[PDB]
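A.B. asks: take this sequence and fold it.
(3 chains, ligands or ions: 1)
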Amino acid sequence: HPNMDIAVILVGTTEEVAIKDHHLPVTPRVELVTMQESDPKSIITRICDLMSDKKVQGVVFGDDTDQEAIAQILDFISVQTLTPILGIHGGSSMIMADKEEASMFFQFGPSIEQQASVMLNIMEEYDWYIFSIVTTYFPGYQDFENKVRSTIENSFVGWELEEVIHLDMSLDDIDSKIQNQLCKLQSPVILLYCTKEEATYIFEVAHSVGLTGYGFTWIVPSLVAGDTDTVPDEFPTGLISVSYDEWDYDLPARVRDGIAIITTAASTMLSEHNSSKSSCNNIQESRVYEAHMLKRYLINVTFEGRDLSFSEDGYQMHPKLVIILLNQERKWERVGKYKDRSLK
Amino acid sequence: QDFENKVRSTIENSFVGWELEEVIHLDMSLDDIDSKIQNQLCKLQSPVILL
Amino acid sequence: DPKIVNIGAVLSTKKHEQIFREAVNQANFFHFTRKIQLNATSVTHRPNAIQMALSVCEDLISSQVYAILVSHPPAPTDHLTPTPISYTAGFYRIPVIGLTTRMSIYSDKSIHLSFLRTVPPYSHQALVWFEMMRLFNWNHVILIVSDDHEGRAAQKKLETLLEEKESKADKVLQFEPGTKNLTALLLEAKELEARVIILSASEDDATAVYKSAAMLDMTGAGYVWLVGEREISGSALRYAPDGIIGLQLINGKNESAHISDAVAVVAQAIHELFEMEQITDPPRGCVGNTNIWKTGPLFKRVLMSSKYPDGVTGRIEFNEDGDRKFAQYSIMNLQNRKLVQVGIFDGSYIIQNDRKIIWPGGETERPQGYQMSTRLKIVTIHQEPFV
Ligand SMILES: C[C@@H](CN1CCC(Cc2ccccc2)CC1)[C@@H](O)c1ccc(O)cc1
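C.D. replies: Residues are numbered from 1 along each chain as shown, chains lettered A, B, ... in the order given. Coordinates below:
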């Protein structure tokens, strides 16, 4: 008898996307949507147009794009309209610095902290004590740096960080201040924290200094790569990164997990609270106060013996991550598999 | 060459704790594009530089 | 030859819009119309954030805007108004210029990259506090702040200012906004030897803080109270103690003056930007465009290097964050339940006015601080030979 409306928006991808591609007591309604452009006005308008009278409470979003801006848009919309949003693939799943407590936006991507921790585990596994840090002013660099500095504090093991260099990408490069800052680099391992375009320009700059040459191995978060299919030509060979499982974890499976999260959260508050105005501008029904309990319940989700539970920062708690390495043929190969506790 | 070899000659027989870390020769015969001047000079450390 | 460049803006009313257009007319009037020509574009603030982002994507960005002005809208927006505009324009790295917005949350280059402002934030008041503590030589102060981004930014800035002298710190009191009973924190402050309290928080918080301090009789003689602009404004002004010291930034509620100043800086920036080559046009619409505007970081660079000494608010220079530097302030004293100007902050240090400085308790001249050195609680340890 009870039924809830959900909208699934997929953005045009190079890969074949078929709209035709355990239901819980609460009955989900799936609205299939295909979009051409990932731009903010397109996203906001289509989402607000898809709303209409359809009365969709849940929203599933994913993209093939490399744009980290999508997560900011989605978080802005979720924060503004007090509506659940789940980033699934690509740009929507990338990382931000700090989200408001009122924000219901959650991503399937790994937390920046856990990314840096995994990176440090890579450094430990290959036993690299000597390293360097290059970060941009993009959101989250403070978190990243602070995680490396956090780990180097309580370790009885030998650790040395030679440099932490923060590049400002807000200004155009003429004076080559980026070059001058990057040429000061020495250590064999350089931690680069930045977006994909930033990673491209910075890696392009590093070539003049020769930091992409042998003896230097770069260890990077999931924020830079984010797509194993599309590889920039400016990316140095031997680049180590962390990626969410693709072959192992399918894109339709992700959306499934999202609907599972939503439905399970709605069912959790069904047992607890025992009991949906849809539009952009405002809601006379209020209910914003009851939305918080729904969010809190949306945080903790147990499904199929696997926890999809999210984190307070907005990211996923313990997603499966695989360490990848860019080979001579310029394709991403998996050099590792990192679980909850053990490291492979 | 005379300058460098002179500095090294005088600094050779010095009982003092003299140390010169680097000697960098910039090529001005070609225009600076690759910024080899930049790359060579940024590697500099020592407080005093004889130019 | 007669080529036109479009400038977007968002202001309070059609009046301010007309002001802006007039400023653009004067701008093309004070520059060559032969080379390039200026075009004025502005829109009123939309009811909600989404509609405003849309208004940016159509009414502004689709018009190929080289900049976007932001001012406080009719009726209080709580200063959070320009955020979605800073986002949308910031997506394309189209520089956004603030006017009446004092919120320090915009001093982070991380959250808003393309966002500058023609007014200094609330965190920059630590400059005025610094000159005040400079000429009066007050070495002991308790820093009372609400727990938030704003208060923590002001705190960080003041600490950086305090980091100038070696090891300068007394006490750090952090409280959560909306707390009705500050008596614990105020008692922990009272246990501290410093009798001078500096409180930076929201008005509604300042009312409760002043209420609790008044309950603890911390507003009497021997104590000094130095606050900001938010603390003397609104619901807190009623409950403000006598002798309280405060600051008021010049042209703070003023849009038109800042509209003019921004127009001038933008004029300089635009006229300076066309001097280079390989200059690309801003996106002709939001729809279909993923990529950012490539000229944006350059234009931002030019904007932050802009120097405009003839500004209506005085000399205009931008700090690294994009906030205004060398802004003029007005020092305010509370005497006989009335606000009074004891001086002004211009450039370096501070110049004192002819008005007599008043302190809480009604003491004419009483620069008393650090108060009592008394019986000291001694924490000790157990060591067989020594103790
Ligand atoms: C945070 C980004 C801009 N950021 C905010 C706006 C967002 C697009 C958007 C528009 C309308 C509503 C929601 C979202 C796109 C991403 C920028 O500051 C930045 C980029 C790179 C960098 O190293 C430092 C700072």
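A.B. asks: so the closest residue to chain B within the stretch 201-350 of chain C: helix, strand or coil?
C.D. replies: When scored by C-beta to the nearest C-beta, the stretch 201-350 of chain C has residue C:278 as its residue closest to chain B, at 17.3 Å. Where C-beta positions appear, they are placed from N, C-alpha and C, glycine not excepted. Secondary structure, DSSP: H, G, I helix; E, B strand; the rest coil: residue C:278 is coil.
A.B. asks: buried stuff in the helix of greatest length in chain A?
C.D. replies: When every helix of chain A is counted residue by residue (DSSP state H), the longest turns out to be helix A:251-272. Within helix A:251-272, the residues scored as buried using 16 or more other C-beta atoms under 10 Å in any protein chain shown are A:251, A:254-255, A:257-266, A:268-269.
A.B. asks: and those, which is closest to residue C:176?
C.D. replies: residue A:269 (26.8 Å; C-beta to C-beta).
A.B. asks: correct me, but the closest one touches residue A:297?
C.D. replies: Yes - using C-beta atoms under 8 Å, residue A:269 is in contact with residue A:297, at 5.0 Å.
A.B. asks: picking that back up, from the buried residues of helix A:251-272, which is closest to the ligand?
C.D. replies: Set against the ligand, the nearest of those by C-beta to the nearest ligand atom is residue A:258 (20.7 Å).
A.B. asks: how about the contacts made by that closest one?
C.D. replies: Listed by C-beta atoms under 8 Å, 6 or more residues apart in numbering or on different chains, the contact set of residue A:258 reads A:60, A:86, A:88, A:108.
A.B. asks: rerun that using 10 Å as the cut-off
C.D. replies: A:6, A:8, A:58-62, A:84-88, A:106, A:108, A:308 (C-beta atoms under 10 Å, 6 or more residues apart in numbering or on different chains).
A.B. asks: got the residue ranges for the strands in the stretch 101-250 of chain C?
C.D. replies: Assigned by DSSP state E, counting those that start in this stretch, the stretch 101-250 of chain C shows strands spanning C:115-117, C:142-146, C:171-175, C:196-200, C:224-227, C:245-249.
A.B. asks: ah, wrong one, I meant the stretch 201-344 of chain A
C.D. replies: A:217-219, A:240-244, A:302-303, A:306-307, A:321-326, A:332-334.
A.B. asks: now for the fifth one, which elements pack on it?
C.D. replies: Applying 3 or more C-beta pairs under 10 Å, 6 or more residues apart in numbering or on different chains; DSSP states H and E, one finds that strand A:321-326 contacts helix A:112-125, strand A:217-219, strand A:240-244, strand A:332-334.
A.B. asks: among the ones you listed, which is nearest the ligand?
C.D. replies: Among the helices and strands packed on strand A:321-326, helix A:112-125 sits nearest to the ligand (C-beta to the nearest ligand atom), with 14.1 Å.
A.B. asks: briefly note if that closest one comes near chain C.
C.D. replies: No - figure legend: helix A:112-125 not in contact with chain C (C-beta under 10 Å from any C-beta of the partner chain); closest approach 12.9 Å.
A.B. asks: quick one: that helix to strand A:321-326, angle?
C.D. replies: 60 degrees (axes from the mean of the first three to the mean of the last three C-alpha atoms, to 10 degrees).
A.B. asks: tell me which helix or strand comes right after helix A:112-125.
C.D. replies: Beyond helix A:112-125 on the C-terminal side, the first helix or strand identified by DSSP states H and E is strand A:130-136.
A.B. asks: before we move on, back to that, and the ligand, which of the contacts of residue A:258 reach it?
C.D. replies: Among those, none lies close to the ligand by the criterion of C-beta under 6 Å from any ligand atom.
A.B. asks: and for the spatially most central residue of chain A, nearest residue in space, chain neighbours not counted?
C.D. replies: Centroid-nearest residue in chain A, with C-alpha atoms, centre = their mean: residue A:94, separated by 2.5 Å. Nearest non-adjacent residue to residue A:94, counting by C-beta to C-beta, 6 or more residues apart in numbering or on different chains: residue A:68, 4.2 Å away.
A.B. asks: so for stretch A:210-228, what gets flagged as buried?
C.D. replies: A:211-212, A:216-228.
A.B. asks: most tightly packed of the strands of the stretch 101-250 of chain C?
C.D. replies: Counting by mean count of other C-beta atoms under 10 Å in any protein chain shown, strand C:115-117 has the highest mean neighbour count of the strands of the stretch 101-250 of chain C, with a mean of 26.
A.B. asks: what's that one packed up against?
C.D. replies: With 3+ C-beta pairs under 10 Å, 6+ apart as the test, strand C:115-117 has strand C:68-70, helix C:83-91, strand C:96-98, helix C:256-273, helix C:296-304 packed against it.
A.B. asks: turn those into TSV, columns for mean neighbour count and distance to residue C:168.
C.D. replies: TSV is the format used below for the helices and strands packed on strand C:115-117 (neighbours: other C-beta atoms under 10 Å in any protein chain shown; distance: least, C-beta to C-beta, whole Å):
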stretch	mean neighbour count	distance to residue C:168
strand C:68-70	27	36
helix C:83-91	25	35
strand C:96-98	28	32
helix C:256-273	21	34
helix C:296-304	22	30
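A.B. asks: for residue C:166, find the nearest of those.
C.D. replies: Per C-beta to C-beta, nearest to residue C:166 of these: helix C:296-304, 31.4 Å.
A.B. asks: next structured bit after the closest one?
C.D. replies: Following helix C:296-304 toward the C-terminus (DSSP H and E): strand C:317-318.
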